[PDB]
Amino acid sequence: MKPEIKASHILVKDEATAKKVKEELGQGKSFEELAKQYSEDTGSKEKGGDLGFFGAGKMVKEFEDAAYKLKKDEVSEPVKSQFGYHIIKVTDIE
């Protein structure tokens, strides 16, 4: 029912590592570079963390809820899911 959004993410094993990734994004490193260096998501770490376009019910609830609260280009605080901790960036909104 929701409009499709496009997002990238960096998946890490713990919250301290997620806060560190978030801080490094403001220290001169790009999201695409940090995804290659830190992300545990094999399917997106080779694509700058891009997950492509998705709508409601495509991603796990914890990820979907956090992503739909972000403004365009906004980077989330650490988001816990069953896969670990995510740093999410919404790159496009309907």
# chains A, B, ... in the order shown; residues from 1 in each chain; ligands from 1
>>> residues_around(residues="residue 80 (chain A)", least_positions_apart="3", cutoff="10 Å", atoms="only C-alpha atoms", output="PDB file with N, CA and C atoms, in the first residue's frame")
ATOM      1  N   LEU A  11      25.055  -3.465   7.101  1.00  0.00           N
ATOM      2  CA  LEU A  11      24.634  -4.434   8.153  1.00  0.00           C
ATOM      3  C   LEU A  11      25.853  -4.834   8.980  1.00  0.00           C
ATOM      4  N   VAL A  12      25.807  -4.598  10.293  1.00  0.00           N
ATOM      5  CA  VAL A  12      26.944  -4.951  11.195  1.00  0.00           C
ATOM      6  C   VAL A  12      26.441  -5.866  12.325  1.00  0.00           C
ATOM      7  N   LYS A  13      27.365  -6.445  13.086  1.00  0.00           N
ATOM      8  CA  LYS A  13      27.007  -7.466  14.105  1.00  0.00           C
ATOM      9  C   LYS A  13      26.601  -6.852  15.455  1.00  0.00           C
ATOM     10  N   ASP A  14      26.945  -5.590  15.740  1.00  0.00           N
ATOM     11  CA  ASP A  14      26.625  -5.008  17.078  1.00  0.00           C
ATOM     12  C   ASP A  14      26.346  -3.500  16.962  1.00  0.00           C
ATOM     13  N   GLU A  15      25.703  -2.919  17.990  1.00  0.00           N
ATOM     14  CA  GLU A  15      25.260  -1.492  17.966  1.00  0.00           C
ATOM     15  C   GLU A  15      26.455  -0.535  18.031  1.00  0.00           C
ATOM     16  N   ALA A  18      27.747  -0.112  14.654  1.00  0.00           N
ATOM     17  CA  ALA A  18      26.813   0.699  13.838  1.00  0.00           C
ATOM     18  C   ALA A  18      27.013   2.191  14.156  1.00  0.00           C
ATOM     19  N   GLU A  62      11.286  -4.548  11.129  1.00  0.00           N
ATOM     20  CA  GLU A  62      12.158  -3.564  11.829  1.00  0.00           C
ATOM     21  C   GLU A  62      12.833  -2.646  10.799  1.00  0.00           C
ATOM     22  N   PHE A  63      13.248  -3.212   9.666  1.00  0.00           N
ATOM     23  CA  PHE A  63      13.940  -2.429   8.613  1.00  0.00           C
ATOM     24  C   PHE A  63      12.924  -1.518   7.911  1.00  0.00           C
ATOM     25  N   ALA A  66      11.794   1.532  10.100  1.00  0.00           N
ATOM     26  CA  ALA A  66      12.837   2.580  10.205  1.00  0.00           C
ATOM     27  C   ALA A  66      12.997   3.313   8.870  1.00  0.00           C
ATOM     28  N   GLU A  77      19.942   6.057  12.695  1.00  0.00           N
ATOM     29  CA  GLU A  77      20.747   5.599  13.843  1.00  0.00           C
ATOM     30  C   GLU A  77      20.735   4.079  13.721  1.00  0.00           C
ATOM     31  N   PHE A  83      18.808  -9.819  11.703  1.00  0.00           N
ATOM     32  CA  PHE A  83      20.060  -9.997  10.916  1.00  0.00           C
ATOM     33  C   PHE A  83      21.236  -9.274  11.580  1.00  0.00           C
ATOM     34  N   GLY A  84      20.954  -8.383  12.541  1.00  0.00           N
ATOM     35  CA  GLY A  84      21.997  -7.609  13.246  1.00  0.00           C
ATOM     36  C   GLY A  84      21.609  -6.147  13.378  1.00  0.00           C
ATOM     37  N   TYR A  85      22.566  -5.235  13.177  1.00  0.00           N
ATOM     38  CA  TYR A  85      22.299  -3.779  13.289  1.00  0.00           C
ATOM     39  C   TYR A  85      22.514  -3.131  11.925  1.00  0.00           C
ATOM     40  N   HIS A  86      21.543  -2.317  11.525  1.00  0.00           N
ATOM     41  CA  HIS A  86      21.579  -1.655  10.203  1.00  0.00           C
ATOM     42  C   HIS A  86      21.785  -0.145  10.303  1.00  0.00           C
ATOM     43  N   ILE A  87      22.630   0.374   9.418  1.00  0.00           N
ATOM     44  CA  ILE A  87      22.679   1.836   9.145  1.00  0.00           C
ATOM     45  C   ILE A  87      21.982   1.968   7.795  1.00  0.00           C
TER      46      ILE A  87
END
>>> residues_around(residues="residue 59 (chain A)", least_positions_apart="3", cutoff="12 Å", atoms="only C-alpha atoms", output="list in words")
residues 4, 5, 6, 7, 9, 51, 52, 53, 54, 55, 56, 62, 63, 64, 65, 66, 67, 68, 81, 82 and 83 of chain A
>>> select_by_dssp(residues="chain A", states="strand (DSSP E)", output="list in words")
residues 5, 6, 7, 8, 9, 10, 11, 12, 50, 51, 52, 53, 54, 79, 80, 81, 84, 85, 86, 87, 88, 89, 90, 91, 92 and 93 of chain A
>>> residues_around(residues="residue 37 (chain A)", least_positions_apart="6", cutoff="12 Å", atoms="only C-alpha atoms", output="list in words")
residues 10, 11, 12, 17, 21, 24, 29, 30, 31, 44, 45, 46, 47, 48 and 49 of chain A
>>> atom_distance(atom1="CA of residue 72 (chain A)", atom2="CA of residue 22 (chain A)")
16.4 Å
>>> closest_residue(among="A:78, A:71, A:33, A:90", to="residue 20 (chain A)", atoms="only C-alpha atoms")
A:78
